[PDB]
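Single chain ahead, written as structure tokens, the form deposited in one PDB entry.
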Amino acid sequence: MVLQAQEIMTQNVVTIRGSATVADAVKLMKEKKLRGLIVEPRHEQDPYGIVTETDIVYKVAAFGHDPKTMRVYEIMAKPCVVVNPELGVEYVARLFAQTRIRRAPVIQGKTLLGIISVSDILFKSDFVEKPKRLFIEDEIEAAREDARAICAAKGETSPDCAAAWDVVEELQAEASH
């Protein structure tokens, strides 16, 4: 059974309103050692948002702006990239790499469950013991079509036929390992 986002997420998740001051966000973040706060939907159809340590440092501290007057809505990401609780941990890694984020709320429908970060992955994913070759089932399926085509064209007992099924075999050994 593939390890899931919900299994490694930080379960204690804290929200803040978009209208709050960056100072409020900072105080909350220091008090609980949080590197991301989820921004509270204002109603059922309103997306989730997120404000991160990197937003705060890059957009506020780096320009010497005053966090006591700046608001969260001015720095947050809303809507933000979200993670399904069932999403396998190799996919959460890939999402984060592709969208260039380090952190996302874990959301089931409209319901906030947690927050998942690069740190959650580093510290709690099974990627060292169980590295999952991405899309390996698509590779197997493609390689089986190649083998069938080659075998039907060149003969079911030809060396190229055998070599093409050996590509399938190797990919299949890896997946069930």
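All residue numbers are counted from 1 along the displayed sequence.
Visitor: Would 29-37 or 112-120 have the larger average of its C-alpha temperature factors, as given in the entry?
Guide: Of 112-120 and 29-37, the stretch with the higher C-alpha B-factor average is 29-37.
Visitor: Mean C-alpha B-factor higher for 49-57, or for 147-155?
Guide: Of 147-155 and 49-57, the stretch with the higher C-alpha B-factor average is 147-155.
Visitor: Among the chain's modelled residues, which third holds the C-alpha B-factor of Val13?
Guide: Answer is highest: the recorded C-alpha B-factor places it there.
Visitor: For the chain shown, is the CA B-factor of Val128 in the lowest, middle or highest third of its modelled residues?
Guide: According to the entry, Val128 has a C-alpha B-factor in the chain's highest third.
Visitor: Using the B-factor values recorded in the entry, state whether the Cα atom of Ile136 falls in the lowest, middle or highest third among the modelled residues of its chain.
Guide: It belongs to the middle third of the chain when residues are ordered by C-alpha B-factor.
Visitor: Taking the values exactly as deposited, rank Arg71 by C-alpha B-factor within its chain and report the matching third: lowest, middle or highest.
Guide: Tercile = highest for this residue's CA B-factor.
If you look for the form deposited in another entry, you will not find it shown, but the lines that follow are about it.
Visitor: Just one of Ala147, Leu134, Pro67, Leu34 is at a hinge of the rigid motion between this form and the one not shown, so which is it?
Guide: Among the listed options, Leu134 lies at the hinge between this form and the one not shown.
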